[PDB]
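# please work out how this folds:
(4 chains, ligands or ions: 8)
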There are 4 protein chains.
Amino acid sequence: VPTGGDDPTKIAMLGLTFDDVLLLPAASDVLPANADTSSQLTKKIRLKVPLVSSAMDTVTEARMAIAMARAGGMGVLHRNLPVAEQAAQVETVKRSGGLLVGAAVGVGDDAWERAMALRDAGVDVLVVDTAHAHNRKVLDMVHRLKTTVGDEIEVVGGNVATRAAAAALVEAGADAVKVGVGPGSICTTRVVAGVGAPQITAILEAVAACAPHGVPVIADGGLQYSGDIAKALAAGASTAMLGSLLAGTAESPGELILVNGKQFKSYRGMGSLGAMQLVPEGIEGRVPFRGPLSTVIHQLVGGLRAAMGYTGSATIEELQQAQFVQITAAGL
Amino acid sequence: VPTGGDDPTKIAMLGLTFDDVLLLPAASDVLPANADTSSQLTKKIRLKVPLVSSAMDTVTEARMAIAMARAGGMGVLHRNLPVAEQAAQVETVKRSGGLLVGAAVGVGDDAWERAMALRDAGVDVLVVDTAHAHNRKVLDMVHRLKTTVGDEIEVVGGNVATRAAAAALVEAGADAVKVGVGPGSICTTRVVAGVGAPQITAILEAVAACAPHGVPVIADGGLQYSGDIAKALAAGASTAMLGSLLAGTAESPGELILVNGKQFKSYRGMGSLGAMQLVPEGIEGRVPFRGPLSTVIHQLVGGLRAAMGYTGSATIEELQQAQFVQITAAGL
Amino acid sequence: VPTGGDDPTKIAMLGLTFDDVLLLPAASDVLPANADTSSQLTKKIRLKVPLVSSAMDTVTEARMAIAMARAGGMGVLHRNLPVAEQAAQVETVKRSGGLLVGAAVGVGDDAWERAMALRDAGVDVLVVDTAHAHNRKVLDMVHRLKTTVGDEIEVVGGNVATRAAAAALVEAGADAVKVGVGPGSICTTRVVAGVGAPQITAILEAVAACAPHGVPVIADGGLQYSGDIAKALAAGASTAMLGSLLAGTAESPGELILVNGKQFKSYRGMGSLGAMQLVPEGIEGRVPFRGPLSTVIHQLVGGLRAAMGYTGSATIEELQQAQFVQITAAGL
Amino acid sequence: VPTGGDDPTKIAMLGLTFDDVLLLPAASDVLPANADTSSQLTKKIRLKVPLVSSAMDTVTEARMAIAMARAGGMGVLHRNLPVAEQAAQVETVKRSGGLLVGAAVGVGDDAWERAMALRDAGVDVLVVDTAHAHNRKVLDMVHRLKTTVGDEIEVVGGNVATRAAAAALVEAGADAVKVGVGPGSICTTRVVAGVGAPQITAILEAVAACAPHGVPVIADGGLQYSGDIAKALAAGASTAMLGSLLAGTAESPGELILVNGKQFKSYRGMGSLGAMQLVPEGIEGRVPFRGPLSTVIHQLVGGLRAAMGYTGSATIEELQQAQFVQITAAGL
Ligand SMILES: Cc1[nH]c(C(=O)Nc2ccc(F)cc2)c(C)c1S(=O)(=O)Nc1ccc2c[nH]nc2c1
Ligand SMILES: Cc1[nH]c(C(=O)Nc2ccc(F)cc2)c(C)c1S(=O)(=O)Nc1ccc2c[nH]nc2c1
Ligand SMILES: Cc1[nH]c(C(=O)Nc2ccc(F)cc2)c(C)c1S(=O)(=O)Nc1ccc2c[nH]nc2c1
Ligand SMILES: Cc1[nH]c(C(=O)Nc2ccc(F)cc2)c(C)c1S(=O)(=O)Nc1ccc2c[nH]nc2c1
Ligand SMILES: O=c1[nH]cnc2c1ncn2[C@@H]1O[C@H](COP(=O)(O)O)[C@@H](O)[C@H]1O
Ligand SMILES: O=c1[nH]cnc2c1ncn2[C@@H]1O[C@H](COP(=O)(O)O)[C@@H](O)[C@H]1O
Ligand SMILES: O=c1[nH]cnc2c1ncn2[C@@H]1O[C@H](COP(=O)(O)O)[C@@H](O)[C@H]1O
Ligand SMILES: O=c1[nH]cnc2c1ncn2[C@@H]1O[C@H](COP(=O)(O)O)[C@@H](O)[C@H]1O
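Numbering: from 1, shown residues only, chains lettered A, B, ... in the order given. Ligands and ions are numbered 1, 2, ... in the order given. Shown next is the structure:
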């Protein structure tokens, strides 16, 4: 083996990230303004805009979830607060019209009760929110939830980074599979644990397991530009979950911060020291203030529509069949 | 597939850009001063110098087009102004002697009338100027133009980045094919839409479709150094179109700008916010002031001549048969 | 041969370093808190924590060796001082309870007497400490030591970077093989001599020679983050030796340094000008002050435990069978 | 072809430079102090130290040539001055004992007379000094010189970057072949002409043509560290020619320069604007002042000796058979 040892499977793959690829233009009859951006969040739920906001306490509380749903996407409420408070945020969203909402639960002691309270509150999507869903504890939770409330509530499981892990969630009964181990902007899983999978390759691998079972893949983490959304969907994801890109918006939690004459908002990992208040796997930082969510979403969707125009994709389903070119370091 | 999924065509190619390759020296009897730099702009039109200026409102108006033609190249007049004004710039050039001139048209409402006015004004080359020529609307325009004024006017179509798109323009009747989706210095197509193709690979692919039909390829965008011109032509292009490299010249539109004791001129994408005055696919910036066009062209052609000396190329046609070595990140 | 010449063996391999790979998550029933971090330092000696401190005069004297052993690892005492002083540091450690300790010897004039004095002082591990163990002088020393004190003292040999060199040390009778030629943070072997081997590939190659003989590999040098420890062990090493990561600790030798309002400690190669007081193969620098060793070790082991959780590794032996994904420049 | 077009020979090779490779350690009985550093400069001339100074007017005049010869290497006198002055510098060196000296000539009008005057002055080596020796004008000069003064004077030809060019010089009768098109520190051939060849691959290719005919290769340009000398010789070169590494020495021409409290000397390409006093293919810069040549050479040779120790090379001939590992961007 050219890279060492005698085992060709030791280094199993070459992992590509968003900056490693570009979408190739293709024959097109599609104007960007006329493209159809709708896509499956889960087997049953279709969104007008294939974007969901991260279950983080500096991204999504009731305000964000309401704005996201009104923009045609959805918010996933974070779970870093008492169960009664999360359920109360679910209610607040549902009382603002017939708006879709999801909410994160863990696999811990009180996870099952949290889930039951959220259902009672009228939640549409339950997200089993973990760093590593390839764990019998996570797969059991996913299964237990689907068998209990599956008729009324869609159950998302995550996160995974390999084909085998996505396959296990599919078998456990997941209505969607969330992909991303290591790629988050505030993530230090890669440096702390040495663990991860570049996101384009992880999406391609997860989609190979999920698509044949009609299970949508949510691409979660590592998205920096609107063009990365197009790339994630062309790799086969059906939606993208955004943290950093939305953390600087008016609707996110947290106050405005002024440093050196410029405006910021705090953005922090759920595995950072201050969020857990131990070995942190996230940092605390700031992102530029971006103004209203509606503006940000408009530019993101605008970029998506441009990609759909370039690739001749009339629908997201068509975009998922687009081709890439791999680029070198010099490209960029 | 080592990079993910089971489809080997999903990532179709490894795209190389100018910084990824060097020209290999070869046996030579050619002195740089004696090389023949002439080359086909289109099937019918040969230039003394294989360089054309970009159809941008910070690069080419009448003054640039006159200087470019006198230097042995050609200018393509931008179309960001009323039809009567563009036609008046065409006249202004033709009244400055028997100088070649081209002019951009789009595919929009008034594109056909613009084209007719330009012809009446005496234009030599019509450039169907789009970000994505692989669109039936663009191919139709190219065809409609060639069938109407083809005897008197050469019709360029662009831009493309793939072999199939170049082939479609050839069949539509293009007299030259312009290559470049994503590589412009002021371009944000890559980050906004996630779409593009590294320019050496795009030229190689387009030339594979065009050369067998005797259709010249214009390499458009991404050229930073005189050595990049040599590389573009050795990849098989017949001419290079330059924006950034000429935007800092006395003959370009726009005034001199002083910042921190240094001289600049504004240079902006035609898809930037201020040029369109929406989801911009270009930025606005500045380039260093370079002095007279004649000086810049002299150094560019000087570099080209040096490359022709190193590669034993007596003509541009010979240079198109030169070989590359691929380099690594460390090289550079 | 695509890279030049006609000999495919001239460039024998593509060497990967820690930043070139990530650990892939795998099916897991392992909680980080419950993972077993114990591992073989040598054939006979198992540590509770697979970490040893570098035999450097800015890393390990008696204080460090005591702290390291109490934390479940071990220190290797540096040999840059009189033999009687090194032996006195060995005694000092052994008088602080039943704590494991090792000590470096060279291959020079007084190396054999140093070794004998260390044994008399009660040392547990002798480390034949060289930059290049593939030297008959080093192999002879290793052999001579093992045949003389082998029943009572474990003999480590190093350093190596190739499979053949590790194999030679195994045959010489080494109880562990230390891997790393070129990767140290303060190392200039690579720039001064042009010699080295990227550490993941060197570990994989050394383990291919050592593992079939039940000889543990110590990964020495180049480790920057806790995640690198996980990667080194997954490549097949049984322990990691740390210099830079521990040089900033309270227990390391040297005083606190204040520069620009921040706290540092000096950290220098044993082959630097000031350590040898000639052609230096190390530099002198500073690392940030890190506080007590116990804190640093806790975070390092925490990262290791996280990796074991992600990879489903209940033991270090299991972690050694984990898989990597190779990443590109863009990843990082 | 994965990188574009249908011609696999269009991109002929992947070119590696010094930073792309490391020397692999090997079994060794060689102490650095005992290695034999002597090597062939030409078929007939062996140097004690395999280093020659560049024929540049900021590197080698009489003073440098004398110091270089006394250190066991040789200087090549630059040709940027009247013929009588160059010949007078040759005399000055020969009058300082039985010291070897070489001198550059071109292929121009007065090149032949320059060569004759140098011979009369007692020169030992004539270097036909060009940027591209694969030119019948250069090959003719090499041949004409060898057939005229070949019994008394060794004739070097250069520069080349390909196997075929080296082969042509061998057939022309060169006593040594100098390799390097594009790699010089002050070189802009790569950016101006887009032409070049990464130096490790160029050396490997040139040696494939020269070694079977017993013709030594001089590696010229791109050497930044003493470790690069070892790498150049292990690729198969017999000597290295140094510009930047020696330009900062007391013995080089030019005065001391003080900027921001630090000491420098000017270092400039022979193809820079100021050296030619047009399309320059070199820049003018400064390098740090390094003190006496003897110190610099000592450290360079020290690094070489270290490499010989690591690779088990008792002679330069043995070092030429050493193996490399290719490294990634992350390595470094
Ligand atoms: C550090 C951490 N561990 C867990 C976790 O769930 N651990 C766990 C997993 C399986 C299990 F059975 C029992 C516990 C979580 C949520 C976190 S987090 O707060 O930092 N959030 C994320 C989310 C997504 C990520 C992708 N890469 N890294 C990520 C971190
Ligand atoms: C953003 C944009 N879209 C179009 C465009 O023509 N859209 C379109 C295409 C086909 C069609 F049928 C209908 C409309 C244009 C001209 C532009 S531009 O002003 O920014 N100019 C260019 C030019 C070259 C480029 C290469 N990569 N990106 C480029 C942008
Ligand atoms: C520069 C140097 N040479 C030797 C050395 O032992 N030389 C030698 C080797 C075999 C022999 F038979 C006779 C002498 C040592 C210890 C050193 S050091 O002080 O700088 N330490 C290390 C340690 C680890 C390294 C990995 N890469 N580089 C390293 C340097
Ligand atoms: C720019 C230039 N051209 C020539 C030259 O000889 N031209 C030429 C060649 C063949 C011929 F028949 C007639 C003329 C030279 C010397 C130079 S230089 O002054 O700049 N020196 C070098 C030396 C080494 C180089 C490697 N890459 N680039 C280099 C430049
Ligand atoms: O603390 C953390 N460490 C690692 N990943 C996190 C952490 N907190 C949230 N994440 C994940 O990172 C995603 C956001 O990534 P981003 O959009 O690149 O900022 C989230 O949706 C989570 O999957
Ligand atoms: O706004 C824009 N976005 C992307 N490409 C543009 C834009 N405006 C002009 N271009 C293209 O970029 C070329 C100039 O590229 P440059 O020479 O690298 O500066 C032009 O000839 C166009 O093809
Ligand atoms: O001077 C030196 N030059 C090269 N390597 C050294 C030197 N001194 C110590 N080392 C090695 O570098 C290791 C520490 O590397 P680090 O943990 O990356 O700082 C040590 O354990 C030695 O193997
Ligand atoms: O002006 C120039 N342009 C390109 N190469 C040059 C020039 N002048 C000298 N050289 C070459 O660069 C070598 C020195 O390279 P360096 O050691 O990397 O600085 C010289 O020996 C020449 O071969």
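# any residue of stretch A:244-255 touching ligand 1?
No - if you take CB under 6 Å from any ligand atom as the test, stretch A:244-255 misses ligand 1, and the best it gets is 13.3 Å. Using the backbone N, CA and C atoms, a C-beta is placed for each residue, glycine as well.
# please state the offset of that stretch from the chain centre?
16 Å (CA atoms, centre = their mean, to the nearest Å).
# again with stretch A:121-140
13 Å.
# tell me which residues in the helix or strand hosting residue A:137 are buried?
Taking DSSP states H and E as the criterion, residue A:137 maps to helix A:136-149. Neighbour-count burial for helix A:136-149, counted by 16 or more other CB atoms under 10 Å in any protein chain shown, picks out A:137, A:138, A:139, A:141, A:142, A:143, A:144, A:145, A:146, A:149.
# from the contact counts, what lies against the longest helix along chain A?
Longest helix in chain A by number of residues (criterion: DSSP state H): helix A:293-311. In terms of contacts (3 or more CB pairs under 8 Å, 6 or more residues apart in numbering or on different chains; DSSP states H and E), helix A:293-311 is packed against strand A:21-23, strand A:51-53, helix A:62-70, helix A:226-234, helix A:244-247, helix A:316-319, helix B:189-192.
# CSV please, covering the ones you listed and showing distance to residue B:126 and mean neighbour count.
CSV is the format used below for the helices and strands packed on helix A:293-311 (distance: least, CB to CB, whole Å; neighbours: other CB atoms under 10 Å in any protein chain shown):
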stretch, distance to residue B:126, mean neighbour count
strand A:21-23, 29, 28
strand A:51-53, 41, 30
helix A:62-70, 46, 23
helix A:226-234, 32, 28
helix A:244-247, 42, 26
helix A:316-319, 33, 20
helix B:189-192, 24, 24
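# so which of the ones you listed gets nearest residue A:155?
Ranking those by proximity to residue A:155 (CB to CB) places strand A:51-53 first, at 14.8 Å.
# pretty sure residue A:250 sits against residue A:292.
Yes - between residue A:250 and residue A:292 there is a contact under CB atoms under 8 Å: 5.0 Å.
# who has more neighbours, the two?
residue A:250 (17 against 12; other CB atoms under 10 Å in any protein chain shown).
# so where do the strands sit in the stretch 1-150 of chain A?
Assigned by DSSP state E, counting those that start in this stretch, the stretch 1-150 of chain A shows strands spanning A:11-15, A:21-23, A:39-40, A:46-47, A:51-53, A:74-77, A:102-105, A:125-129.
# and the residue of the stretch 151-300 of chain A nearest ligand 2?
Nearest to ligand 2 in the stretch 151-300 of chain A, going by CB to the nearest ligand atom, is residue A:227, at a distance of 12.3 Å.
# spatially nearest residue to that residue, not counting backbone neighbours?
Nearest non-adjacent residue to residue A:227, counting by CB to CB, 6 or more residues apart in numbering or on different chains: residue B:194, 3.0 Å away.
# now for that neighbour: which residues touch it?
A:18, A:22-23, A:225-231, A:234, A:303, A:307 (CB atoms under 8 Å, 6 or more residues apart in numbering or on different chains).
# let's go with 6 Å and repeat that
A:23, A:227, A:230, A:231, A:307 (CB atoms under 6 Å, 6 or more residues apart in numbering or on different chains).
# with residue A:75 instead?
Here residue A:75 is in contact with A:53, A:60, A:64, A:65, A:68 (CB under 6 Å, 6+ apart).
# one more time with 7 Å
Residues in contact with residue A:75 (CB atoms under 7 Å, 6 or more residues apart in numbering or on different chains) are A:52, A:53, A:60, A:64, A:65, A:68, A:69, A:101.
# repeat for residue A:313
A:30, A:35, A:319, A:322.
# same check on residue A:277?
By CB under 7 Å, 6+ apart, residue A:277 has no neighbours at all.
# which of the contacts of residue A:313 lies closest to chain C?
Comparing those against chain C with CB to the nearest CB picks out residue A:322 as the nearest, at 19.6 Å.
# which residues of the stretch 151-300 of chain A fall in strands?
A:154-160, A:176-179, A:217-220, A:239-242, A:257-259, A:262-268, A:284-288.
# now render those as CSV, adding mean neighbour count and distance to residue D:180.
Below are the strands of the stretch 151-300 of chain A laid out as CSV (neighbours: other CB atoms under 10 Å in any protein chain shown; distance: least, CB to CB, whole Å):
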stretch, mean neighbour count, distance to residue D:180
strand A:154-160, 29, 51
strand A:176-179, 30, 48
strand A:217-220, 30, 48
strand A:239-242, 28, 49
strand A:257-259, 10, 50
strand A:262-268, 18, 48
strand A:284-288, 16, 46
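# quick check: residue A:56 touching residue A:242?
No - using CB atoms under 7 Å, residue A:56 makes no contact with residue A:242, being 10.2 Å away.
# go through the strands of the stretch 1-150 of chain A and name the closest to residue C:44.
Of all the strands of the stretch 1-150 of chain A, strand A:11-15 comes closest under CB to CB, at 31.8 Å.
# partner strands of the closest one and their direction?
Sheet pairing for strand A:11-15, assigned by DSSP bridges, gives strand C:324-327 (parallel).
# now what about the partner strand, what contacts it?
With contact meaning CB under 7 Å, 6+ apart, strand C:324-327 is reached by A:10-15, A:197-198, C:16, C:20-24, C:234.
# let's go with 6 Å and repeat that
A:11, A:13, A:14, A:15, A:197, A:198, C:21, C:22, C:24.
# which among those residues end up buried?
So, of the contacts of strand C:324-327, A:11, A:13, A:14, A:15, A:197, A:198, C:21, C:22, C:24 end up buried under the neighbour-count rule (16+ other CB under 10 Å).
# could you find the closest non-adjacent residue to residue A:68?
That would be residue A:75: by CB to CB, 6+ apart, it lies 4.1 Å from residue A:68.
# look up how far residue B:289 lies from that neighbour.
Residue A:75 sits 50 Å away from residue B:289, taking CB to CB, to the nearest Å as the criterion.
# right, and residue A:63 touches residue A:251 too?
Yes - if you go by CB atoms under 6 Å, residue A:63 and residue A:251 touch, sitting 4.9 Å apart.
# list the contacts of residue A:293.
A:67, A:249, A:251 are the contacts of residue A:293 under CB under 6 Å, 6+ apart.
# closest one of those residues to residue D:89?
residue A:249 (72.3 Å).
# burial check on that closest one, number of neighbours?
24.
# the residue in chain A that ligand 3 sits nearest to - how many residues pack around it?
Closest residue of chain A to ligand 3, CB to the nearest ligand atom: residue A:4 (17.8 Å). Counted by other CB under 10 Å, the residues lying close to residue A:4 total 27.
# is it in contact with residue C:203, as I believe?
No - in this structure, residue A:4 is not within contact of residue C:203 by CB under 6 Å, at 7.7 Å.
# how close does the residue nearest to residue A:168 when sequence neighbours are not counted sit to residue C:284?
What sits nearest to residue A:168 in space, not counting adjacent residues and going by CB to CB, 6+ apart, is residue A:139, at 5.7 Å. Separation of residue A:139 from residue C:284 (CB to CB): 53 Å.
# thank you, goodbye.
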